DNA sequence: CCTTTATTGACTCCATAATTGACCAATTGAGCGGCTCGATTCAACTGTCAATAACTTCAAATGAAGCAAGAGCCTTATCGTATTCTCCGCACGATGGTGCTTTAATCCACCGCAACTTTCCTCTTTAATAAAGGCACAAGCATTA
DNA sequence: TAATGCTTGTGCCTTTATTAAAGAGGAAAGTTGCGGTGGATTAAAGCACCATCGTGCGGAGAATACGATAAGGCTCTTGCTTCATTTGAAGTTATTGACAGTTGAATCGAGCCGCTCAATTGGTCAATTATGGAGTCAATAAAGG
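Here is the structure:
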């Protein structure tokens, strides 16, 4: 079987941020675990938010509220800004 | 409209444990909250168990393993015994 | 509203300490205990307000506070 | 396979204390540090075994240990 | 019409538990015996807590269970205390204890 | 075809995130912009952690990121440290610190 | 006239307040504090009364637990008087 | 001949072991201990190598954190030598 | 031990409000049937876990000696405690106003389902170079004088 | 300070193995179109939150005498650190074999989905009894003698 990871995307992000720095296999696995953990946390928080308001759907507002509730402070502010930028770019295209 | 609470059932249980003892409204609410919290914990554990093995079904085995993982020690043992007894009686009827 | 943290008076902090089994209390404690309390509220109310902002409401309900407490591992029974 | 708890030698406990920044170590500590360690393992391995019993397996995998650690608020990265 | 709670000999609402499990979307499909097992576990836990609370109420010369008795029952039991270590009981107070050093 | 990731200007797999969200059964329906928002948040967090890790690696005159550098980056940042306070990173070690009392 | 040795009334208060279940902080000052804190997150917020009651219950429970840990820390250092450093140590070990 | 003062080599070891990332407990004794503990829950259990590695990583991280809290508790009581009562206090405040 | 004084548990009474019981409705759980999935069992492949042996050599055990730190004791001074007096704002009871929260009806818009396409990602393989090992070596720190 | 022992920081060769790079395929993402449910909008009314006032009374604030607790200083003795020697047990490498995890099929059990009924429970009103406020007494504990 074939396993699914974020290895290529993490490598792309790293090469975009630090062009001249590579990453080891163990560090890439740790980064993949971190991404998976954050994804699960955000998804569970969004599911709880949808359940509380009796809404059968998860929209960008649910994800934004989950980001505010999970990520702390300036990290949450920047994450919300990036998410809003990406959603606007996706809609306008 | 209609608030879904275990208020009768817990009361019934009380009348089979302490026939001459009543329960107050605040204690009624606390017991209802406790039952709801335990139900949510067991259900989430069973959902994670089903997800881990890629099983789309929650059976009595999933609930039994969730009980083992959540309830501690003799509480878990007695709860497992009661659940097995109830499932056997339900199947035999 | 302003300066309502002082509304948590020294007798109230003393009573809270006595309920916790404290026999002697230093003079400085009443100050520190206030600040700590404030921090706790800042961690809960914020979360509660977040829920209130997600439901598009302007009234903070008991359910928002209960969910905010549960998010921090501070489950509260009796308001469910 | 008995009393394997003594395999956690005094130098190993000393090194673990040094990583934690401990300068001086009492003589009795090496005993107590063992017991609590055992307790920790008893809390994790059990849960891991539970997962192994649910999957109808007889081999304890690393994913089961990761899940067992996650249940106790001890998330581990690098084995996921 | 034999209710699913009477079939298993439970006082708890197996039908309502099934409806809650289905509405919670915990899994795509729900087994026949899962709600029965959950109802049995919940009934056992409620019976244990109520038994301890009634014992606490009787020890206090009372015939009505109040949040104080629930708190005493929870905090005086090892396994229930472990289960609900991080739970606050409203109007329950605290377990009466004093450190031996503080006593005269 | 034009990929959704490319349309949103993201390096993360919006399609794969949509598949994961739908397979996880977090809700009955999934919005159009929810996977895009999640991918953007994940990309931002990964970029922040990787930037701090690269700074730590360059500090030690290394050209490769190892778990030690990830640990140093996470524990030296206030927001990342708060987010991952309860997380153990394998082969990462600990932050080098000594209490001022112990020093000679 | 009659005077009680220091600590006797303290022990009596410890016994009395551990037996009761009532709230120890006055309701109106706590409500004002909660409103003042919340005004920094969203302007013109109305608070349901049960919400303020739940906040007071949670805050009092948290402070009582923190004072229990502080008393343990103070007794550890061969003292009976709790000090701000005891609270700081208790909050550090708790992970706050 | 040269003799270092007590605590100099201790500080050197603290500096050395805080910068390294290697495991400090020997692998084989820890594996035997894990197998002995697991034999009480289920008989004839097989362990993956990565499972034992993860258990060792988690146990070492937990012990290092516990020793950090113990050192804080010991320094609080105006000492530099950690004692079993320091570990007991740290575990009590942590909720264990 | 004695003796006085403050505190609290207990007893009883009067009120009281809070839990229990009864009744209408309303809504949801049980029943029946059809239908498509899934989880159970069997078997074969092979991945790898456990056991084995041997060699090495490095870290653990033990002891001696040294030394500094933890604990017990003493003193003091200062600062939290118990009590009293004054005052002040919390809380209970009544009221008015209004805004905002929940419910209902309408409409549209947006996402799930299904099929086809196509192209992007993931094992398998090859290579190449950053760093661990090894060696040699300079430099700052600790130690006794 | 100062020489000196020492552990650690630093420069360079080797190799290597751990990562950088390429290819086939095949699995998953993008596109198209339709339907039907869910979200957004607006009205409405009732329910609850905020602001106001009276008051009066218990709790908070401030002073005061003080005693006992916390902190600093001293000693001593003993428990723990540092170093040296011996060893014995962990680490590494190569090997065997058998147990068990995984994948593939068939299939029969089993749970999902629709529609109907009515039996169970939830909202509302009345009430009585366990409980709270209040007054009074005896038992208990503490503090000075």
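Residue numbers (this note's numbering), protein chains in the order written: chain X, 186 to 278; chain W, 186 to 278; chain B, 28 to 107; chain C, 28 to 107; chain P, 1433 to 1536; chain E, 1433 to 1536; chain H, 4 to 99; chain A, 4 to 99.
Ideal Cβ positions, reconstructed from N, Cα and C, are used throughout, including at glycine.
Cα-Cα separation, residue i to residue j
i	j	result
residue 80 (chain H)	residue 63 (chain C)	23 Å
residue 250 (chain W)	residue 81 (chain C)	7 Å
residue 166 (chain W)	residue 1479 (chain P)	Residue 166 (chain W) cannot be examined here, being either before or after the span of chain W that is shown, 186 to 278.
residue 87 (chain B)	residue 38 (chain B)	29 Å
residue 205 (chain X)	residue 85 (chain C)	46 Å
residue 1474 (chain E)	residue 1524 (chain E)	22 Å
residue 1497 (chain P)	residue 83 (chain A)	50 Å
residue 1458 (chain E)	residue 243 (chain X)	8 Å
residue 15 (chain A)	residue 96 (chain B)	45 Å
residue 1486 (chain E)	residue 1505 (chain E)	9 Å
residue 1493 (chain E)	residue 1501 (chain E)	11 Å
residue 238 (chain W)	residue 79 (chain C)	11 Å
residue 175 (chain H)	residue 36 (chain B)	Residue 175 (chain H) falls outside the range modelled here, since chain H spans only 4 to 99, and no answer is possible.
residue 48 (chain C)	residue 50 (chain B)	34 Å
residue 254 (chain X)	residue 190 (chain X)	26 Å
Assigned secondary structure, residue i (DSSP; H/G/I helix, E/B strand, else coil)
i	result
residue 6 (chain H)	coil
residue 48 (chain H)	coil
residue 95 (chain H)	helix
residue 258 (chain X)	helix
residue 1468 (chain E)	helix
residue 85 (chain A)	strand
residue 88 (chain C)	coil
residue 64 (chain C)	helix
residue 252 (chain W)	helix
residue 24 (chain A)	coil
residue 186 (chain W)	coil
residue 95 (chain B)	helix
residue 68 (chain A)	helix
residue 31 (chain B)	coil
residue 278 (chain W)	coil
Range covered by the alpha helix (DSSP H) that runs through residue i
i	result
residue 1526 (chain E)	First-last for residue 1526 (chain E): undefined, no H or E at that position.
residue 1506 (chain E)	1499-1507
residue 37 (chain A)	30-41
residue 40 (chain B)	37-46
residue 1450 (chain P)	1446-1455
residue 197 (chain W)	192-202
residue 1513 (chain E)	1510-1515
First and last residue of the uninterrupted beta strand (DSSP E) at residue i
i	result
residue 1434 (chain P)	Unbroken run through residue 1434 (chain P): none, as it is neither H nor E.
residue 103 (chain C)	102-104
residue 1521 (chain P)	1519-1521
For residue i, the nearest candidate out of the options (CA to CA)
i	options	result
residue 275 (chain W)	P:1535, P:1503, P:1522, P:1471	P:1471
residue 46 (chain H)	H:14, H:97, H:38	H:38
residue 58 (chain C)	A:87, A:94, A:93, A:36	A:87
residue 1516 (chain E)	X:192, X:271, X:244, X:260	X:260
residue 75 (chain H)	H:32, H:52, H:96	H:96
residue 29 (chain A)	A:8, A:15, A:62	A:62
residue 220 (chain W)	P:1481, P:1464, P:1438	P:1481
residue 65 (chain C)	A:42, A:43, A:36, A:50	A:36
residue 56 (chain H)	B:92, B:69, B:31, B:33	B:92
residue 40 (chain C)	A:6, A:99, A:89, A:67	A:67
residue 270 (chain W)	P:1440, P:1453, P:1495	P:1440
Residue(s) in a DSSP beta bridge with residue i
i	result
residue 1496 (chain E)	X:207
residue 1461 (chain P)	W:242
residue 52 (chain B)	H:85
Residue i: CB within 7 Å of a non-hydrogen atom of the ligand COA
i	result
residue 63 (chain A)	The ligand content of the structure shown is nil, which means the ligand COA is not present either.
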